[PDB]
Amino acid sequence: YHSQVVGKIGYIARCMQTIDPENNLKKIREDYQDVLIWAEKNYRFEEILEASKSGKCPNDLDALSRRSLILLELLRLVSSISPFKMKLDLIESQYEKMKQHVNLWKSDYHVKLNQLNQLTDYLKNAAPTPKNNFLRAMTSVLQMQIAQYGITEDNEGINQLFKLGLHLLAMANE
Amino acid sequence: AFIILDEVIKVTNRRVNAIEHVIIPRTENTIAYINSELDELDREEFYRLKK
Amino acid sequence: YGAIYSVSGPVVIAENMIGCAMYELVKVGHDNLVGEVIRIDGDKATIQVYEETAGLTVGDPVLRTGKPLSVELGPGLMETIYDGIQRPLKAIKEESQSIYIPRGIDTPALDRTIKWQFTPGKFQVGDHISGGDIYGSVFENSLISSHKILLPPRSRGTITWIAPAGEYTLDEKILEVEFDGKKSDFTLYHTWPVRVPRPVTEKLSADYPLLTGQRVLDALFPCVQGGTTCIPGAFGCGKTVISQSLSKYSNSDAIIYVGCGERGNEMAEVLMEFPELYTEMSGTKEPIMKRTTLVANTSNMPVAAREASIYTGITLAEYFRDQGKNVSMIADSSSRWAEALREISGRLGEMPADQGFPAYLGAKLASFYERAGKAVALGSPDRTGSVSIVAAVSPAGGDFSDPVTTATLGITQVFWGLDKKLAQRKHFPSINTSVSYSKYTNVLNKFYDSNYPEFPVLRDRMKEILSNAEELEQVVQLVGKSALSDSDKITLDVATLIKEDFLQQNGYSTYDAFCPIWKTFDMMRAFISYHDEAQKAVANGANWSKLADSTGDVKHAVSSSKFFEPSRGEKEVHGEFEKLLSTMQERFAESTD
Amino acid sequence: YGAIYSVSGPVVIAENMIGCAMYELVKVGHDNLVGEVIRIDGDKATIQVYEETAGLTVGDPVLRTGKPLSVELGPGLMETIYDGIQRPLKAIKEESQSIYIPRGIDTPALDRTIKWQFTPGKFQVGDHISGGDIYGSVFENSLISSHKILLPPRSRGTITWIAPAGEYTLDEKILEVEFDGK
Amino acid sequence: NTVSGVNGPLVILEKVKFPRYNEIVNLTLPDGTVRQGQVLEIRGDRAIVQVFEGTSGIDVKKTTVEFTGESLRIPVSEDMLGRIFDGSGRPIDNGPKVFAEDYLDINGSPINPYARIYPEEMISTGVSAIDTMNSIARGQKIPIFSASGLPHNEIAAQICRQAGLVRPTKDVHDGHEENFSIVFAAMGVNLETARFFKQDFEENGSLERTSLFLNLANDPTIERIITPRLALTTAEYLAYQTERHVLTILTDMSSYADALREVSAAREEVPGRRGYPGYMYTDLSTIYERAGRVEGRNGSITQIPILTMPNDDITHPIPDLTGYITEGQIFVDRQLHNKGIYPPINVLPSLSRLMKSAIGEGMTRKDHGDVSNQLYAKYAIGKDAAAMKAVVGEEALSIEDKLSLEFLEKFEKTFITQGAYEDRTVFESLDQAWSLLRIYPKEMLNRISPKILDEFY
Amino acid sequence: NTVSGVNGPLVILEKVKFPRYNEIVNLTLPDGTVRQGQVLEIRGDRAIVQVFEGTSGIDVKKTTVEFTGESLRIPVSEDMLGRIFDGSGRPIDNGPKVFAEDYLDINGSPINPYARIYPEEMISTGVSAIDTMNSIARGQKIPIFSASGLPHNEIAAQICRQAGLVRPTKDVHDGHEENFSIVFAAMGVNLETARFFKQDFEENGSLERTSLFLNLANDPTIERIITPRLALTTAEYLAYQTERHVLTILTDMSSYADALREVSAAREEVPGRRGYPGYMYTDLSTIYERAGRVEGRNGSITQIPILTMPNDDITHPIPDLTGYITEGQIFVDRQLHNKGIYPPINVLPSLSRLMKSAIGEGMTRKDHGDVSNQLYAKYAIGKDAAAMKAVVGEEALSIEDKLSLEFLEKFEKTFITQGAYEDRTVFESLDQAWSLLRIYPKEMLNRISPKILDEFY
């Protein structure tokens, strides 16, 4: 029970340190100060498991998995928008907006991140073709519009480019 | 119409009396003996396994 | 160490076996037969052997290997057919010269002569890891990575040595992690016991739909991904064609074929029918066979392979759901596993309490359904995954009210019908419209009410029309056909078009055997609008033959909507049903006059 | 008397039977639970426990009641509610304040606080007595008496002690029979 | 000492018989996993104990067992509401402890706190047909009979979810002035069905006043059978100790009968016909003994058991044997659920022994008992009039069969169908019954008194 | 050592565990004759085996036992057909040797005969309803259903008489262009029925290509149950060695199921419900495990067992247990045999899930599956209207019930009536089914596609 919470705290601290190394995100690092405090100093896993077993550290696997799902969705959304860079305040506002919702399996952010992750995963191992070039250009313009507008504001161009990207990805080579 | 209804009522009463008189007892009497035979057959295998 | 106490049937009892758990595998006799000690009675332990015993003598030595009996999980599960104990029948067919291995031999859990491309995940040197985290990735499909290499449960530590990107086999180490001192060596495959299920962080209700390619199955209830459903059969209904059409019409990232026991032709029909089918998302080299993992266990083998086949299929289904992908598990049938457990209870000589079945059959059958379902993915990443469990049921005690259907109906959440006599009358896949229930209809209909039209009112009206058609059929049969009003003729005509359009099917997927949810709701909306237009036209003064003959091409086009595929529309709905919705309103005024 | 050999489920098994009949009721353990010996297999006797067997362990004594499982017949049966095992419902309603009897009840089947007036019959000293003859009368109703004091079955002899008239309780003796000694 | 062997769900242990019956025992494994169990049978130089979680993975010469020395008891308190716990009294939400102030064992109410008395107060559950046609009183047992064709778990969760809001509307009507509590117990339910009852109870607002007990089908039957005595003792502790009306929902009886028939029916006992032994009536009578009127004259324990048939068959001994103990029953039809009615229960085959005389007064009118005969007679006449209209046709249908045929669809589409977040009362149910009965004329209503019919149409 | 005891037909002897499982043993009696036996089960210095010949004649304390050192194996060769042999070894036409060139087990442990693909080669037995409605092929497992009271031996003699002439009719269809062999195994059959079955094969001209295995009813059940494993091992050895098509007829399964109930009466195992043991599915799975296509992609071993219902229904353990291992069956009706028909096989309780995979190209048509569903729907409509026509009468029946009633009488006396020596083709059976199905209109047929129904209309 405590090993999953210590692994979620270590994965949250390692994902928070790998996400922003400059430490210019006070919104994401503000709520995760209790997990980054036991990850920013020298300590063993037995001290974190013993500290979490005694009720001194965070031991909620549901809240740590829920925040770890939003952190993994923000890291996958930030990594899938390459080679376009977004603003840190827009990423902190998108993480603060996604963190304010308890449900993370029916929301539009998980469907948009899964829709961009499906086009990026399908375009990662694709072959050079005209449908892959048009879907790569539409996925690049959708990645630029997703990096410029974020994932919290609904736009018709992102939905039309996502539907055209899914329809082009669902098509065969004939 | 009166001659048609007077001819239809004698067939309807005889059909309803025949079906209602012949319906329930064979299925009920067969179902009771089938339930008792299923109870005894279910009891004998438990009695041998307990023995 | 141990001594052979007594060998009766396919299960052997060995005495002098003390100090062993219910999961460690050992060799019985001097031939090194594959087996596992499940339970023990006093000084003698009962161990079920997966191979037949016809040359094993009493008094042979039986020593434990010193580890739990588990199957190998990793790259090589997809694109290959295996048995209930993780045995390749393809390599054993050409190598062993038979479909089954001989007695006294043991095969590996996976092929070691094939190499895969190793890809480093989100873990590196110095980062902490735990069980369920994605430490690597493999190529299991031609479109994207569908088989991710994850760590085993109950393990964790820091990555001290990480292999780079490239090609490597399943026998070379590519990972090393030590939490307290030296933890263990890491390879491409992973070891885990099939008797213990995989853990999870938390379970959640299903809110995502999963199409199965069934008109009556999707029309009767909303298809979801992550629920439980039962199908009643008699071994003659034609469930192999529904499993082939459901596997071909499915669009999930992973496929789980779990066969506890069959005659033999059903396992070869799925393997031979798997390469002929094509995926609905992209074409590749054997997309139907390479995209799903099939475990085929026959009914001529011992009860240990059929009993462990459900645990290996549940562990393989939970392994794909633990990575974060949507998997569809099709199991057939649980009555062979319950009959194998009743045969093991009869071989053990224990007194039953279920009319000839063991007391632990209901706990294992109810506990087997709890392993599948949608929930949070286990691991540091916390991904979203789901597993749809479709297990067909059948009678196994000589009655329609046995404990397998009682525990399966109570432990399950969806109720699906099946008729062998109705399926023989050209009505397959048939389902019961009067006895059925589902709890995910409100949750699946909640997103379907916003992202689509009101299919839930048409489902309740279509169920009410089929419920009223059975009540009108008894009065029409007993009292007479020309003794009913004109109001029941519209309900019987709508019930005949709904039963002919939804219940009517031909082959597996031939002749337009695919049907989306939006095409089914749009097809049922024309039947409900035609039935409401006929009932509203008959109320304002109109003949029954004048309105039924006044319909004409509307009933023929509505009844003939099972041959129009989805190529006529854009991707989901058909434009001919949208024009037929206005054509029914324009024909409703001409049908009244 | 006997020793508790094992307790599995609602039935209790007790060994060391040295004369315990299969019709006498006794209390197993130290809780005084209701039970009776239904069958016996060798030295171990099988007794069915009709109460909760919680708190019973192996190695406890079994005390017999000294007679078969029956009910007491006397004055005070009218205007009272009891169970089939002869349990006092008014005593449970006075002490526990409920209508259900608790586990481990060992009270008598009749109330001893309501005294009745005993009157002697036509039998005198010197004449022989037998079971069935009216030895006296006791009031049991609220206004008149309907409970006739008669001799119990399986008893006969001479009236060695003749109790006089007056008020007495159910626990106190009022008559003594002399046949083959005490 | 150590584990002797394992045969099926029961595990044989070689420990001594020093421990008593119902004594908790802990199995110490060499892998770092400790499991708890209950002593089902103890003998000389041997003991039979059942594992609470799992039955495999215990060594026979390497795993040892020890006796804690404490009997099986559940801590009953008033702070147990608003928390999700397991089938043995352990919290699964990761929150605090139980915090119970008294230690009472669950073995069938050995204290004898209940008393045999007739009910004198009306109890409601938020259903118009359930409260009006087959309404039960305080201390009256009324079971719900269903089959495998309808959502009996959603109806059982909706019955407990509908309870709790009738106390403020009844308190505004000058009815009862005491607090009401709810007792929820789940046995053999899934994770999605268990979370759906918690989401429905949290959305309805009755989760703060009710206690939830979660029992899954993957666990043993000892925890699912131990959970009903803990829920009945928890409802009886608040009902007897606090003197408040508490309603307990025990679902499902099919999982308890299957767990009782599956385990503890083949060791030294023999089963009856169809695998159901004759000791199940004492097992259901042990849970039924902890329900009824209590001492004080201000609180009672209401028992609403849920019984689901396997295929809607009447040849099983569980529905016939269970129906004789209860005072009435409520039958639900599968044809009503296919039409689109929520709930699909019908008051045509349901009956109550003491409905009007069992309920009290103060929140219910006197015409509610008389309107149920006219509504049941109108629905029963409309049920035969529906087939009589198709049999006779459109030129031989009487006006009485047509008015009952329209009153069957109008009363069926408005009195038995309701939402999942709405609430009903006795005055709203009586006004809806008067509005449904107002379609008929004054010359066709003869199943009630003329003063109540002339006063309310 | 010596015979410890005897319980029923099996004897319990106390010996050493030097012999293997299923090893042949020789019991030395003091009467001057030695008997052979098979080790049914091994124990801790105890053995339970049954004598192959006789049950009486052994001693108690003066008996002698000896181990042969070889397991039970029958020598199979290519010269076994044509000659007459017995199951236990009674030589009437056999010599000292059986002409066996290789040693194979009687259980199929190292062989594992099973098809890994769907059957393409269509096999016909000379029945229009069986071949058209079922669509059986090579490597399929479909047993014949019988009843108690009807002529099951006449139907088995007609099916055995039809075996042998199916090769010339199947050669014209292009479904079988190889060698054909018949494997006859008898157990618990009468001498007159075996003489009539051998006289049917001798009259058909298949005595040289067929093998006969004779087993008496007064012999032990181990020899009668052991004869079908040796016959299936000889048919699998002859069919696998030469790539030929072998058809195995096993009659009767009721004698093997009744003989299996007598066994296990002195061992640790016990019987289950209805007198039959719970491990009978593994015993029938051992005989049915050697059925299917052989390895090599050439030839196959088909199995067609003959089972008779003792209660005239499928709820018994013999037809219900054997029907679960297969994928359907053919139901024979005694009502058609009472009015006069040969064979009296019905199409209502008959269904096969391998009809689509069996039908291919060049040896069958595509409209046979829709014509079989249309004929099954018309036969089900006529049989359903025939039972309702007796109660109400002909005054409430429409023209649709009269069309199915006339189609049931027209198809009942045409498709079910056939000879015992002539084999009807599948094209003539489909053409005869189209004439019986051509009595209704084209719009009244909906069990087929419109493109294939419009072309073959």
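The chains carry the letters A, B, C, D, E and F, assigned in the order they are written, with residues numbered from 1 in each.
As a working rule, contacts are C-beta pairs under 8 Å (C-beta built on N, C-alpha and C of every residue); 3 or more make two chains touch, one makes a residue touch a chain.
Taking contact as defined at the start, I'd like the list of chains shared as neighbours by subunit D and subunit F.
Chains that touch both subunit D and subunit F, as defined above, do not exist here.
Could you quickly compare B-C and C-E and let me know which has more C-beta contacts?
The greater number of contacts lies at C-E.
How big is the gap, in whole Å, between where the Cα atoms of subunit B centre and where those of subunit D centre?
Centres of subunit B and subunit D (C-alpha means) sit 54 Å apart.
Suppose each chain is reduced to the average of its Cα coordinates; what separation in Å results between subunit B and subunit E?
Roughly 35 Å separates the two chain centres.
I'd like the Å distance between the centres of subunit A and subunit C, where a centre is the mean of that chain's Cα atoms.
Here the centre of subunit C sits 31 Å away from the centre of subunit A.
Subunit D to subunit E: how many Å between their CA centres?
Chain centres of subunit D and subunit E, defined by C-alpha means, are spaced 41 Å apart.
Scan subunit B for residues touching two or more other chains and write them down.
Only 42, 45-46, 49-50 qualify.
In subunit F, what residues contact two or more other chains?
270, 272-274, 392, 395
Name, in rising order, each residue of subunit E that touches subunit D in their complex.
17-22, 40-44, 48, 71-72, 105, 107-117, 264, 267-269, 279, 289, 295
Quick check on the complex: what are the subunit B residues that touch subunit C?
42, 45-46, 49-50
Tell me, which parts of subunit F touch subunit C in their complex?
17-23, 41-44, 71, 105, 107, 109-119, 139-141, 267-270, 272-274, 277-279, 281-282, 285-286, 288-289, 291-292, 295, 315-317, 320, 323-329, 348-354, 356-357, 370, 373-374, 376-377, 380, 388, 392, 395-396, 398, 446-449
Please name which positions on subunit F make contact with subunit B in the complex.
270-274, 391-393, 395
Quick one: in the complex, what on subunit A touches subunit C?
Counting only subunit A, the residues touching subunit C are 3-4, 7-8, 10-11, 14, 45-46, 61-62, 65-66, 68-69, 72, 104-106, 110, 118, 121-122, 124-125, 167, 170, 172-173.
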